[PDB]
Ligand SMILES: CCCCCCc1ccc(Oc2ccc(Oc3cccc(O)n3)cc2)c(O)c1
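In the form solved without the ligand, a lone chain appears below as structure tokens.
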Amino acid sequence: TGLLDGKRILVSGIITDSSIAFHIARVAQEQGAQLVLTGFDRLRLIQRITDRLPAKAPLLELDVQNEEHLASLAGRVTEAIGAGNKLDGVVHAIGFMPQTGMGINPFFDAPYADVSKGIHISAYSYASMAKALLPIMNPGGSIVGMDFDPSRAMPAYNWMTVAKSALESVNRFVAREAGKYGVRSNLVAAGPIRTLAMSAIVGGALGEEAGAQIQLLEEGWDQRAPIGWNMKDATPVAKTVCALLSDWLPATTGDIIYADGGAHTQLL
């Protein structure tokens, strides 16, 4: 059976088999969910890099900045899951901020064009995935986005934090649209997960000054977290997203679940 047994869940954001979305997809399939995966205009690129999930899953093209991809999402999901089936779950794990908005570009030097793209994909596309999929979501259904607690400013994250503040705000509005469908909308605020993107940042692609800043932020999590924080382990975070996809948090929406080791709840 498993936690998500029977549930039809669309999972966006997988880019690598170390993506938070990939582990979310993984844990979901292990828990019996039936997935529909999405990846940007690169349904063929997500093809190479996800033949690694426990079960096969239809993969669909979605560039969330593409209003056509969005108008047709519901259409192709249905095609994918079977006419007469609906989604039980939607995982939005799409986050992106041009590195001009997050990494060593001064916070002030991030062009709005880039911030705006960061917010399009990171925050707004949450409302657009909700708009696209809510009509093909079952009551008791669950939308989950990925958050990184922006409630305090932090070095390097910069405009991405801004985008996550925006996303949290968007989440409470999604929940209110979502609740007309009996659907809940929540975010999972993850502690830092050193994946493909994060390790190059800390590896100094976005330079010494930002890698340092991220490293020192990211190391504060484990010190802070009463239960610690392994940034190399997406599983706790994937399991939390699946808890949100399950029927075990039936009265939470508009909300944020911290899967951060309890870091956010401790000063030091």
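All residue numbers are counted from 1 along the displayed sequence.
Checked against the record, the higher mean CA B factor of 33-41 and 50-58 lies with 50-58.
The stretch 202-210 shows the higher mean C-alpha B-factor when 202-210 is compared against 226-234 in the entry. For the set 116, 171, 158, 195, the PDB entry assigns the largest Cα B-factor to 195.
Listed residues 14, 244, 9, 256 were ranked by CA B-factor as deposited; 14 comes out on top. When the modelled residues of the chain are ordered by their C-alpha B factor, residue 69 lands in the highest third. For residue 105, the recorded CA B-factor ranks within the highest third of the chain. Only modelled residues enter the ranking. Residue-level temperature factors show residue 4 in the middle third of its chain, judged at the C-alpha atom. Among the modelled residues of its chain, residue 78 has a C-alpha B-factor that falls in the middle third according to the deposited record.
In the PDB entry, residue 186 places in the lowest third of its chain by CA B-factor.
This protein has a second form, the form deposited with the ligand bound, left out of what is shown; the following refers to that one.
Proximity to the ligand in the deposited complex holds for none of 132, 141 and 181, with the criterion being a heavy atom within 4.5 Å.
Think of it this way: in the deposited complex, the ligand has a heavy atom of just one of 201, 27, 243, 53 within 4.5 Å, and the residue is 201. A heavy atom within 4.5 Å of the ligand in the deposited complex is found for exactly one of 166, 97, 77, 110: 97. Interface residue remark: residue 217 is counted as part of the site for the ligand in the deposited complex, having a heavy atom within 4.5 Å.
Contact check for residue 73: no non-hydrogen atom falls within 4.5 Å of the ligand in the deposited complex.
The closest non-hydrogen atom of residue 197 lies within 4.5 Å of the ligand in the deposited complex.
In the deposited complex, the ligand sits within 4.5 Å of a heavy atom belonging to residue 102. Counting a residue when any of its non-hydrogen atoms is within 4.5 Å of the ligand in the deposited complex, the hits in 152-172 run 155, 156, 157, 160, 164.
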